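The data block below is data-v6.pdb; it holds PDB, C-alpha atoms.
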ATOM      1  CA  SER A   1     -45.572 -19.457   4.554  1.00  0.00           C
ATOM      2  CA  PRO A   2     -46.768 -15.897   3.966  1.00  0.00           C
ATOM      3  CA  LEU A   3     -44.043 -13.258   3.852  1.00  0.00           C
ATOM      4  CA  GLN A   4     -44.028 -11.243   7.103  1.00  0.00           C
ATOM      5  CA  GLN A   5     -42.595  -7.900   8.197  1.00  0.00           C
ATOM      6  CA  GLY A   6     -40.080  -9.836  10.315  1.00  0.00           C
ATOM      7  CA  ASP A   7     -38.662 -11.381   7.120  1.00  0.00           C
ATOM      8  CA  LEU A   8     -37.950  -7.913   5.700  1.00  0.00           C
ATOM      9  CA  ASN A   9     -36.592  -6.733   9.052  1.00  0.00           C
ATOM     10  CA  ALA A  10     -34.151  -9.671   9.076  1.00  0.00           C
ATOM     11  CA  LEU A  11     -32.671  -8.431   5.782  1.00  0.00           C
ATOM     12  CA  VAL A  12     -32.421  -4.869   7.124  1.00  0.00           C
ATOM     13  CA  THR A  13     -30.339  -6.009  10.099  1.00  0.00           C
ATOM     14  CA  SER A  14     -28.206  -8.214   7.811  1.00  0.00           C
ATOM     15  CA  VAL A  15     -27.479  -5.231   5.546  1.00  0.00           C
ATOM     16  CA  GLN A  16     -26.747  -2.952   8.533  1.00  0.00           C
ATOM     17  CA  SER A  17     -24.357  -5.579   9.907  1.00  0.00           C
ATOM     18  CA  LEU A  18     -22.659  -5.785   6.518  1.00  0.00           C
ATOM     19  CA  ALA A  19     -22.438  -1.968   6.595  1.00  0.00           C
ATOM     20  CA  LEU A  20     -20.176  -2.167   9.670  1.00  0.00           C
ATOM     21  CA  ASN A  21     -17.714  -4.285   7.668  1.00  0.00           C
ATOM     22  CA  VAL A  22     -17.946  -1.800   4.791  1.00  0.00           C
ATOM     23  CA  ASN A  23     -17.233   0.975   7.310  1.00  0.00           C
ATOM     24  CA  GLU A  24     -14.041  -0.739   8.514  1.00  0.00           C
ATOM     25  CA  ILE A  25     -12.905  -1.192   4.902  1.00  0.00           C
ATOM     26  CA  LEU A  26     -13.544   2.483   4.122  1.00  0.00           C
ATOM     27  CA  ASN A  27     -11.734   3.721   7.239  1.00  0.00           C
ATOM     28  CA  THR A  28      -8.782   1.466   6.446  1.00  0.00           C
ATOM     29  CA  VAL A  29      -8.454   2.397   2.751  1.00  0.00           C
ATOM     30  CA  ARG A  30      -8.594   6.112   3.632  1.00  0.00           C
ATOM     31  CA  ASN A  31      -5.820   5.491   6.178  1.00  0.00           C
ATOM     32  CA  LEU A  32      -3.822   3.611   3.534  1.00  0.00           C
ATOM     33  CA  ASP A  33      -4.320   6.550   1.137  1.00  0.00           C
ATOM     34  CA  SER A  34      -2.851   8.990   3.661  1.00  0.00           C
ATOM     35  CA  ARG A  35       0.014   6.623   4.479  1.00  0.00           C
ATOM     36  CA  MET A  36       0.899   5.994   0.826  1.00  0.00           C
ATOM     37  CA  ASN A  37       1.023   9.746   0.304  1.00  0.00           C
ATOM     38  CA  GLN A  38       3.453  10.072   3.226  1.00  0.00           C
ATOM     39  CA  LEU A  39       5.469   7.110   1.941  1.00  0.00           C
TER      40      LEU A  39
ATOM     41  CA  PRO B   1     -49.947 -12.910  -1.249  1.00  0.00           C
ATOM     42  CA  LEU B   2     -46.176 -12.876  -1.178  1.00  0.00           C
ATOM     43  CA  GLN B   3     -44.575 -15.978   0.340  1.00  0.00           C
ATOM     44  CA  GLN B   4     -41.329 -16.399   2.277  1.00  0.00           C
ATOM     45  CA  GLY B   5     -39.764 -18.057  -0.762  1.00  0.00           C
ATOM     46  CA  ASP B   6     -40.359 -14.896  -2.784  1.00  0.00           C
ATOM     47  CA  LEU B   7     -37.530 -13.303  -0.756  1.00  0.00           C
ATOM     48  CA  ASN B   8     -35.008 -16.085  -1.470  1.00  0.00           C
ATOM     49  CA  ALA B   9     -33.251 -14.333  -4.354  1.00  0.00           C
ATOM     50  CA  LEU B  10     -32.738 -11.214  -2.240  1.00  0.00           C
ATOM     51  CA  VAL B  11     -31.455 -13.226   0.747  1.00  0.00           C
ATOM     52  CA  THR B  12     -28.965 -15.076  -1.481  1.00  0.00           C
ATOM     53  CA  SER B  13     -27.793 -11.858  -3.148  1.00  0.00           C
ATOM     54  CA  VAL B  14     -27.069 -10.295   0.250  1.00  0.00           C
ATOM     55  CA  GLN B  15     -25.259 -13.474   1.424  1.00  0.00           C
ATOM     56  CA  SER B  16     -23.035 -13.294  -1.653  1.00  0.00           C
ATOM     57  CA  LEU B  17     -22.384  -9.563  -1.170  1.00  0.00           C
ATOM     58  CA  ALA B  18     -21.407 -10.298   2.447  1.00  0.00           C
ATOM     59  CA  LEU B  19     -18.999 -13.106   1.435  1.00  0.00           C
ATOM     60  CA  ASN B  20     -17.239 -10.838  -1.063  1.00  0.00           C
ATOM     61  CA  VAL B  21     -17.104  -7.880   1.342  1.00  0.00           C
ATOM     62  CA  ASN B  22     -15.560 -10.217   3.938  1.00  0.00           C
ATOM     63  CA  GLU B  23     -12.791 -11.107   1.470  1.00  0.00           C
ATOM     64  CA  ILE B  24     -12.134  -7.405   0.832  1.00  0.00           C
ATOM     65  CA  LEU B  25     -11.859  -6.945   4.614  1.00  0.00           C
ATOM     66  CA  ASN B  26      -9.367  -9.818   4.883  1.00  0.00           C
ATOM     67  CA  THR B  27      -7.286  -8.320   2.069  1.00  0.00           C
ATOM     68  CA  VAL B  28      -7.289  -4.718   3.353  1.00  0.00           C
ATOM     69  CA  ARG B  29      -6.250  -5.870   6.838  1.00  0.00           C
ATOM     70  CA  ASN B  30      -3.302  -7.552   5.111  1.00  0.00           C
ATOM     71  CA  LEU B  31      -2.524  -4.344   3.180  1.00  0.00           C
ATOM     72  CA  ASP B  32      -2.471  -2.481   6.508  1.00  0.00           C
ATOM     73  CA  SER B  33       0.075  -4.952   7.905  1.00  0.00           C
ATOM     74  CA  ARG B  34       2.168  -4.775   4.730  1.00  0.00           C
ATOM     75  CA  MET B  35       2.157  -0.969   4.929  1.00  0.00           C
ATOM     76  CA  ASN B  36       3.562  -1.140   8.470  1.00  0.00           C
ATOM     77  CA  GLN B  37       6.457  -3.191   7.109  1.00  0.00           C
ATOM     78  CA  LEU B  38       7.070  -0.862   4.155  1.00  0.00           C
ATOM     79  CA  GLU B  39       7.011   2.221   6.376  1.00  0.00           C
ATOM     80  CA  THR B  40       9.549   0.756   8.810  1.00  0.00           C
ATOM     81  CA  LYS B  41      11.899  -0.266   6.002  1.00  0.00           C
ATOM     82  CA  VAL B  42      11.674   3.060   4.153  1.00  0.00           C
ATOM     83  CA  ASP B  43      12.410   4.865   7.425  1.00  0.00           C
ATOM     84  CA  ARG B  44      15.509   2.669   7.729  1.00  0.00           C
ATOM     85  CA  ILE B  45      16.645   3.630   4.221  1.00  0.00           C
ATOM     86  CA  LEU B  46      15.991   7.309   4.948  1.00  0.00           C
ATOM     87  CA  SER B  47      18.147   7.164   8.081  1.00  0.00           C
ATOM     88  CA  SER B  48      21.194   5.845   6.206  1.00  0.00           C
ATOM     89  CA  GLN B  49      21.038   8.953   4.013  1.00  0.00           C
ATOM     90  CA  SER B  50      23.129  10.515   6.799  1.00  0.00           C
ATOM     91  CA  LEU B  51      26.102   8.431   5.658  1.00  0.00           C
ATOM     92  CA  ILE B  52      25.841   9.901   2.159  1.00  0.00           C
ATOM     93  CA  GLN B  53      26.487  13.481   3.227  1.00  0.00           C
ATOM     94  CA  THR B  54      29.201  12.357   5.659  1.00  0.00           C
ATOM     95  CA  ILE B  55      30.862  10.679   2.674  1.00  0.00           C
ATOM     96  CA  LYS B  56      30.162  13.969   0.886  1.00  0.00           C
ATOM     97  CA  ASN B  57      32.026  16.113   3.416  1.00  0.00           C
ATOM     98  CA  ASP B  58      34.982  13.749   3.767  1.00  0.00           C
ATOM     99  CA  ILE B  59      35.422  13.622  -0.015  1.00  0.00           C
ATOM    100  CA  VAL B  60      35.625  17.425  -0.006  1.00  0.00           C
ATOM    101  CA  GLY B  61      38.563  17.120   2.380  1.00  0.00           C
ATOM    102  CA  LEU B  62      40.130  14.379   0.270  1.00  0.00           C
ATOM    103  CA  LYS B  63      39.872  16.703  -2.733  1.00  0.00           C
ATOM    104  CA  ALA B  64      41.661  19.571  -0.990  1.00  0.00           C
ATOM    105  CA  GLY B  65      44.233  17.321   0.640  1.00  0.00           C
ATOM    106  CA  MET B  66      45.067  15.805  -2.737  1.00  0.00           C
ATOM    107  CA  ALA B  67      45.574  19.206  -4.331  1.00  0.00           C
ATOM    108  CA  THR B  68      48.126  19.719  -1.547  1.00  0.00           C
ATOM    109  CA  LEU B  69      49.997  16.521  -2.433  1.00  0.00           C
ATOM    110  CA  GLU B  70      49.957  17.351  -6.148  1.00  0.00           C
ATOM    111  CA  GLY B  71      51.650  20.669  -5.417  1.00  0.00           C
ATOM    112  CA  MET B  72      54.233  18.755  -3.395  1.00  0.00           C
TER     113      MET B  72
ATOM    114  CA  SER C   1     -49.971   0.173  -2.337  1.00  0.00           C
ATOM    115  CA  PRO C   2     -49.581  -3.558  -1.719  1.00  0.00           C
ATOM    116  CA  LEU C   3     -46.023  -4.868  -1.834  1.00  0.00           C
ATOM    117  CA  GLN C   4     -45.415  -6.752  -5.107  1.00  0.00           C
ATOM    118  CA  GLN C   5     -42.831  -9.246  -6.344  1.00  0.00           C
ATOM    119  CA  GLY C   6     -41.466  -6.488  -8.602  1.00  0.00           C
ATOM    120  CA  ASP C   7     -40.579  -4.453  -5.488  1.00  0.00           C
ATOM    121  CA  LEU C   8     -38.427  -7.318  -4.172  1.00  0.00           C
ATOM    122  CA  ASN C   9     -36.943  -7.896  -7.624  1.00  0.00           C
ATOM    123  CA  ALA C  10     -35.907  -4.224  -7.771  1.00  0.00           C
ATOM    124  CA  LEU C  11     -33.830  -4.710  -4.605  1.00  0.00           C
ATOM    125  CA  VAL C  12     -32.254  -7.886  -6.013  1.00  0.00           C
ATOM    126  CA  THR C  13     -31.019  -6.043  -9.109  1.00  0.00           C
ATOM    127  CA  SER C  14     -29.809  -3.131  -6.939  1.00  0.00           C
ATOM    128  CA  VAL C  15     -27.783  -5.534  -4.772  1.00  0.00           C
ATOM    129  CA  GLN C  16     -26.398  -7.365  -7.834  1.00  0.00           C
ATOM    130  CA  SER C  17     -25.377  -4.016  -9.331  1.00  0.00           C
ATOM    131  CA  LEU C  18     -23.677  -3.090  -6.062  1.00  0.00           C
ATOM    132  CA  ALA C  19     -21.938  -6.495  -6.210  1.00  0.00           C
ATOM    133  CA  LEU C  20     -20.168  -5.440  -9.430  1.00  0.00           C
ATOM    134  CA  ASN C  21     -18.641  -2.480  -7.571  1.00  0.00           C
ATOM    135  CA  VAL C  22     -17.652  -4.805  -4.722  1.00  0.00           C
ATOM    136  CA  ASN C  23     -16.049  -7.090  -7.325  1.00  0.00           C
ATOM    137  CA  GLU C  24     -13.915  -4.251  -8.716  1.00  0.00           C
ATOM    138  CA  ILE C  25     -12.814  -3.322  -5.184  1.00  0.00           C
ATOM    139  CA  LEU C  26     -11.858  -6.930  -4.415  1.00  0.00           C
ATOM    140  CA  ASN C  27      -9.919  -7.377  -7.667  1.00  0.00           C
ATOM    141  CA  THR C  28      -8.086  -4.110  -7.045  1.00  0.00           C
ATOM    142  CA  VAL C  29      -7.157  -4.774  -3.395  1.00  0.00           C
ATOM    143  CA  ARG C  30      -5.842  -8.239  -4.319  1.00  0.00           C
ATOM    144  CA  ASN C  31      -3.736  -6.588  -7.038  1.00  0.00           C
ATOM    145  CA  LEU C  32      -2.495  -4.022  -4.511  1.00  0.00           C
ATOM    146  CA  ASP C  33      -1.596  -6.876  -2.126  1.00  0.00           C
ATOM    147  CA  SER C  34       0.557  -8.549  -4.781  1.00  0.00           C
ATOM    148  CA  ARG C  35       2.157  -5.240  -5.760  1.00  0.00           C
ATOM    149  CA  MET C  36       2.959  -4.252  -2.166  1.00  0.00           C
ATOM    150  CA  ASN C  37       4.624  -7.628  -1.708  1.00  0.00           C
ATOM    151  CA  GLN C  38       6.774  -6.983  -4.794  1.00  0.00           C
ATOM    152  CA  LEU C  39       7.504  -3.441  -3.606  1.00  0.00           C
ATOM    153  CA  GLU C  40       8.726  -4.737  -0.252  1.00  0.00           C
ATOM    154  CA  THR C  41      11.125  -7.119  -1.998  1.00  0.00           C
ATOM    155  CA  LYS C  42      12.599  -4.186  -3.915  1.00  0.00           C
ATOM    156  CA  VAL C  43      12.800  -2.104  -0.727  1.00  0.00           C
ATOM    157  CA  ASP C  44      14.692  -5.059   0.770  1.00  0.00           C
ATOM    158  CA  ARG C  45      17.200  -4.877  -2.088  1.00  0.00           C
ATOM    159  CA  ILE C  46      17.681  -1.147  -1.463  1.00  0.00           C
ATOM    160  CA  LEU C  47      18.168  -1.730   2.272  1.00  0.00           C
ATOM    161  CA  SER C  48      20.865  -4.344   1.681  1.00  0.00           C
ATOM    162  CA  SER C  49      22.904  -1.857  -0.351  1.00  0.00           C
ATOM    163  CA  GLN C  50      22.375   1.055   2.051  1.00  0.00           C
ATOM    164  CA  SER C  51      24.916  -0.567   4.374  1.00  0.00           C
ATOM    165  CA  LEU C  52      27.410  -1.069   1.567  1.00  0.00           C
ATOM    166  CA  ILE C  53      27.308   2.696   2.088  1.00  0.00           C
ATOM    167  CA  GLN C  54      28.467   2.254   5.692  1.00  0.00           C
ATOM    168  CA  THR C  55      31.530   0.365   4.454  1.00  0.00           C
ATOM    169  CA  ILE C  56      32.120   3.130   1.900  1.00  0.00           C
ATOM    170  CA  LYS C  57      31.959   5.619   4.771  1.00  0.00           C
ATOM    171  CA  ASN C  58      34.595   3.593   6.624  1.00  0.00           C
ATOM    172  CA  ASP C  59      36.890   3.188   3.610  1.00  0.00           C
ATOM    173  CA  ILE C  60      36.718   6.933   2.927  1.00  0.00           C
ATOM    174  CA  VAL C  61      37.596   7.647   6.561  1.00  0.00           C
ATOM    175  CA  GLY C  62      40.567   5.316   6.141  1.00  0.00           C
ATOM    176  CA  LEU C  63      41.596   7.120   2.962  1.00  0.00           C
ATOM    177  CA  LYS C  64      41.532  10.431   4.853  1.00  0.00           C
ATOM    178  CA  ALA C  65      43.784   9.155   7.645  1.00  0.00           C
ATOM    179  CA  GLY C  66      46.131   7.830   4.968  1.00  0.00           C
ATOM    180  CA  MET C  67      46.214  11.101   3.053  1.00  0.00           C
ATOM    181  CA  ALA C  68      47.113  12.920   6.260  1.00  0.00           C
ATOM    182  CA  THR C  69      49.870  10.333   6.687  1.00  0.00           C
ATOM    183  CA  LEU C  70      51.253  11.223   3.254  1.00  0.00           C
ATOM    184  CA  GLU C  71      51.238  14.920   4.166  1.00  0.00           C
ATOM    185  CA  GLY C  72      52.729  14.233   7.596  1.00  0.00           C
ATOM    186  CA  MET C  73      55.581  12.315   5.987  1.00  0.00           C
ATOM    187  CA  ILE C  74      55.994  15.378   3.742  1.00  0.00           C
TER     188      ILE C  74
ATOM    189  CA  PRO D   1     -50.916  -7.500   3.655  1.00  0.00           C
ATOM    190  CA  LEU D   2     -47.468  -6.006   3.327  1.00  0.00           C
ATOM    191  CA  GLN D   3     -47.365  -2.545   1.747  1.00  0.00           C
ATOM    192  CA  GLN D   4     -44.709  -0.873  -0.401  1.00  0.00           C
ATOM    193  CA  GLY D   5     -43.743   1.317   2.547  1.00  0.00           C
ATOM    194  CA  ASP D   6     -42.871  -1.784   4.558  1.00  0.00           C
ATOM    195  CA  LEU D   7     -39.783  -2.128   2.318  1.00  0.00           C
ATOM    196  CA  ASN D   8     -38.560   1.450   2.899  1.00  0.00           C
ATOM    197  CA  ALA D   9     -36.053   0.599   5.628  1.00  0.00           C
ATOM    198  CA  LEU D  10     -34.466  -2.077   3.440  1.00  0.00           C
ATOM    199  CA  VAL D  11     -34.317   0.240   0.401  1.00  0.00           C
ATOM    200  CA  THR D  12     -32.642   2.971   2.479  1.00  0.00           C
ATOM    201  CA  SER D  13     -30.155   0.525   4.020  1.00  0.00           C
ATOM    202  CA  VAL D  14     -29.096  -0.659   0.555  1.00  0.00           C
ATOM    203  CA  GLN D  15     -28.812   2.962  -0.692  1.00  0.00           C
ATOM    204  CA  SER D  16     -26.501   3.743   2.223  1.00  0.00           C
ATOM    205  CA  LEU D  17     -24.430   0.586   1.643  1.00  0.00           C
ATOM    206  CA  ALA D  18     -24.084   1.602  -2.022  1.00  0.00           C
ATOM    207  CA  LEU D  19     -22.956   5.157  -1.138  1.00  0.00           C
ATOM    208  CA  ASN D  20     -20.260   3.832   1.203  1.00  0.00           C
ATOM    209  CA  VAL D  21     -19.106   1.146  -1.250  1.00  0.00           C
ATOM    210  CA  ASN D  22     -18.821   3.870  -3.910  1.00  0.00           C
ATOM    211  CA  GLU D  23     -16.487   5.838  -1.626  1.00  0.00           C
ATOM    212  CA  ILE D  24     -14.345   2.728  -1.086  1.00  0.00           C
ATOM    213  CA  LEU D  25     -14.168   2.367  -4.884  1.00  0.00           C
ATOM    214  CA  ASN D  26     -13.077   5.996  -5.284  1.00  0.00           C
ATOM    215  CA  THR D  27     -10.380   5.509  -2.641  1.00  0.00           C
ATOM    216  CA  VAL D  28      -9.011   2.193  -3.974  1.00  0.00           C
ATOM    217  CA  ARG D  29      -8.771   3.617  -7.504  1.00  0.00           C
ATOM    218  CA  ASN D  30      -6.644   6.374  -5.962  1.00  0.00           C
ATOM    219  CA  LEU D  31      -4.505   3.782  -4.131  1.00  0.00           C
ATOM    220  CA  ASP D  32      -3.929   2.051  -7.481  1.00  0.00           C
ATOM    221  CA  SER D  33      -2.704   5.318  -9.015  1.00  0.00           C
ATOM    222  CA  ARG D  34      -0.504   6.051  -5.994  1.00  0.00           C
ATOM    223  CA  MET D  35       1.010   2.565  -6.245  1.00  0.00           C
ATOM    224  CA  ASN D  36       1.981   3.235  -9.870  1.00  0.00           C
ATOM    225  CA  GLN D  37       3.885   6.305  -8.681  1.00  0.00           C
ATOM    226  CA  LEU D  38       5.587   4.463  -5.812  1.00  0.00           C
ATOM    227  CA  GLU D  39       6.628   1.590  -8.068  1.00  0.00           C
ATOM    228  CA  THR D  40       8.182   3.920 -10.648  1.00  0.00           C
ATOM    229  CA  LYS D  41      10.104   5.846  -7.992  1.00  0.00           C
ATOM    230  CA  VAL D  42      11.374   2.742  -6.179  1.00  0.00           C
ATOM    231  CA  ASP D  43      12.550   1.340  -9.520  1.00  0.00           C
ATOM    232  CA  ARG D  44      14.467   4.597 -10.004  1.00  0.00           C
ATOM    233  CA  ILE D  45      16.130   4.229  -6.597  1.00  0.00           C
ATOM    234  CA  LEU D  46      16.973   0.590  -7.330  1.00  0.00           C
ATOM    235  CA  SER D  47      18.667   1.550 -10.601  1.00  0.00           C
ATOM    236  CA  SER D  48      21.041   4.014  -8.920  1.00  0.00           C
ATOM    237  CA  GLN D  49      22.306   1.142  -6.765  1.00  0.00           C
ATOM    238  CA  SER D  50      24.654   0.516  -9.710  1.00  0.00           C
ATOM    239  CA  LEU D  51      26.600   3.642  -8.744  1.00  0.00           C
ATOM    240  CA  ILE D  52      27.195   2.243  -5.259  1.00  0.00           C
ATOM    241  CA  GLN D  53      29.160  -0.785  -6.418  1.00  0.00           C
ATOM    242  CA  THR D  54      31.015   1.307  -9.015  1.00  0.00           C
ATOM    243  CA  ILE D  55      32.055   3.554  -6.125  1.00  0.00           C
ATOM    244  CA  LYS D  56      32.868   0.290  -4.343  1.00  0.00           C
ATOM    245  CA  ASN D  57      35.265  -0.953  -7.026  1.00  0.00           C
ATOM    246  CA  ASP D  58      36.976   2.399  -7.544  1.00  0.00           C
ATOM    247  CA  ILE D  59      37.588   2.747  -3.800  1.00  0.00           C
ATOM    248  CA  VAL D  60      39.310  -0.650  -3.878  1.00  0.00           C
ATOM    249  CA  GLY D  61      41.704   0.784  -6.453  1.00  0.00           C
ATOM    250  CA  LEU D  62      42.167   3.953  -4.415  1.00  0.00           C
ATOM    251  CA  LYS D  63      43.078   1.769  -1.437  1.00  0.00           C
ATOM    252  CA  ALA D  64      45.749  -0.155  -3.339  1.00  0.00           C
ATOM    253  CA  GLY D  65      47.075   2.918  -5.109  1.00  0.00           C
ATOM    254  CA  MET D  66      47.453   4.690  -1.776  1.00  0.00           C
ATOM    255  CA  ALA D  67      49.400   1.808  -0.269  1.00  0.00           C
ATOM    256  CA  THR D  68      51.746   2.331  -3.229  1.00  0.00           C
ATOM    257  CA  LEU D  69      52.215   6.025  -2.428  1.00  0.00           C
ATOM    258  CA  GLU D  70      52.653   5.173   1.293  1.00  0.00           C
ATOM    259  CA  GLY D  71      55.452   2.741   0.288  1.00  0.00           C
ATOM    260  CA  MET D  72      57.486   5.628  -1.234  1.00  0.00           C
TER     261      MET D  72
END
Let's see the structure in the file written out as C-alpha cells.
Amino acid sequence: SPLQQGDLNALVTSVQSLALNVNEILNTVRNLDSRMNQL
Amino acid sequence: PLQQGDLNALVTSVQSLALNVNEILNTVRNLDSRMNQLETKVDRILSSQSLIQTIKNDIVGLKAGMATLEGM
Amino acid sequence: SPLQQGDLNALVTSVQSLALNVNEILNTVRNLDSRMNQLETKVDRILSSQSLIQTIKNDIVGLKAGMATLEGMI
Amino acid sequence: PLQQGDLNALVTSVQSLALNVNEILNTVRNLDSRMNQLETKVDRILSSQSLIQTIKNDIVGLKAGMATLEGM
C-alpha cells in the first residue's frame, strides 16, 4: 500500500499525545525540585 | 514510491519511546507521593525541636539551683 | 523534492537518539525512588527518637521539682 | 507523490519532544545532586541520635542520685 499523508499525520498525533505525558513529567520534576530545596 | 511498510521502523521507535516515557511517568508519580510522606515526617521532626529549647531553659534553672545547693 | 526513505530514516535515528535521553531519565528516577524510600526509613528512625526527647523533657521537669524540694527542705 | 515538506510537522513535533525531554534531563540531574545533599544531612542528624540516649542514661543516674539526696 502506498504511503499516504494520513500515515505521517498519524505519527504526528502520536508524538503530540506523547508530548502531553512528557509535559506532566516535566511539571512534576520541577515541582519535586522546588520541594526538595524546601526540604 | 514509498510504501506503508517503509514507515514501520519509525512507528516502532515511537511506540518504544512511548512505553519508556510511560514508565517514567509511573515512577515520578510515585516520587511525588513519597515526597508528600517525607515532607509530613520532616515537619513532625521540626515541631519536636520545641522540646529541645524547653529542655534548654529548664537545664539553665537546674544549673543555678544546683549552685545554690552547693553553697548550702 | 520527493520524500525519500532517507528522510524517514533520519527521523528514526532522531527518535532513537532521544530514546537514550529518555533511558537516562528513567534510570535516574528509579534510582531516586529507591533512595527516597531509604531516606524515609532513616527519617522514621529520627522520628522515633524525637519523642525520647519528650520523656527527657518530663524527666528534667521532675528533676526541677525535686531540686526545689531540696531547697525547700533547706 | 509525497514531498519532503509533507514530513515537516512530524520533524517539528519530534524537535519539540526532544527540547522538553532535555529539560526533564536537566531537572532530574539536579534532583540527583539534591538527593546527595539530603542523604548526607539526614545521616548527620541520625548520628547525633547517639547523644539522646547518652542524655537518657545520665538522667537515669541523676534521678537515682537525687533520690539519695532527698533521703537525707
Using only C-alpha atoms, what table do you get, as JSON lines, when you list each residue of chain B with an atom no more than 9 Å from segment 61-74 of chain C, its nearest pair of atoms, and their distance in Å rounded to one decimal, rows by chain then rising number?
{"residue": "B:55", "atom": "CA", "partner": "C:61", "partner_atom": "CA", "distance": 8.3}
{"residue": "B:58", "atom": "CA", "partner": "C:61", "partner_atom": "CA", "distance": 7.2}
{"residue": "B:59", "atom": "CA", "partner": "C:64", "partner_atom": "CA", "distance": 8.4}
{"residue": "B:61", "atom": "CA", "partner": "C:64", "partner_atom": "CA", "distance": 7.7}
{"residue": "B:62", "atom": "CA", "partner": "C:64", "partner_atom": "CA", "distance": 6.2}
{"residue": "B:65", "atom": "CA", "partner": "C:67", "partner_atom": "CA", "distance": 7.0}
{"residue": "B:66", "atom": "CA", "partner": "C:67", "partner_atom": "CA", "distance": 7.5}
{"residue": "B:68", "atom": "CA", "partner": "C:71", "partner_atom": "CA", "distance": 8.1}
{"residue": "B:69", "atom": "CA", "partner": "C:71", "partner_atom": "CA", "distance": 6.9}
{"residue": "B:72", "atom": "CA", "partner": "C:74", "partner_atom": "CA", "distance": 8.1}
- Point out the residue among B:8, B:43, B:52, B:16 with the least atom-to-atom distance to chain D, counting only C-alpha atoms.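 Under the stated criterion, the closest residue is B:52.
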- Message: I'd like the interatomic distance between atom CA of residue 3 of chain C and atom CA of residue 16 of chain A, to a tenth of an Å.
- Response: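 Atom-to-atom, atom CA of residue 3 of chain C and atom CA of residue 16 of chain A are spaced 22.0 Å apart.
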- Query: Taking all atoms listed in the file into account, what are the residues of chain B at most 8 Å from chain C, put as a PyMOL selection string?
  - Reply: chain B and resi 2+6-7+9-10+13-14+17+20-21+23-24+27-28+30-31+34-35+37-38+41-42+44-45+48+51-52+54-55+58-59+61-62+65-66+69
- Task: Return the neighbours of chain A among the residues of chain B, cut-off 6 Å, counting only C-alpha atoms, as a list in words.
- Result: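 Listing them in order of chain and number gives residues 2, 3, 4 and 25 of chain B.
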- Point-to-point distance in Å for atom CA of residue 1 of chain C and atom CA of residue 5 of chain D: 8.0 Å
- Item | Two-atom distance - atom CA of residue 45 of chain C, atom CA of residue 47 of chain B (Å) | 15.8 Å
To box segment 53-56 of chain D, take all atoms listed in the file, fit an axis-aligned box, add 5 Å on each side, and give centre and edge lengths in Å to one decimal, as AutoDock Vina command-line options.
--center_x 31.0 --center_y 1.4 --center_z -6.7 --size_x 13.7 --size_y 14.3 --size_z 14.7
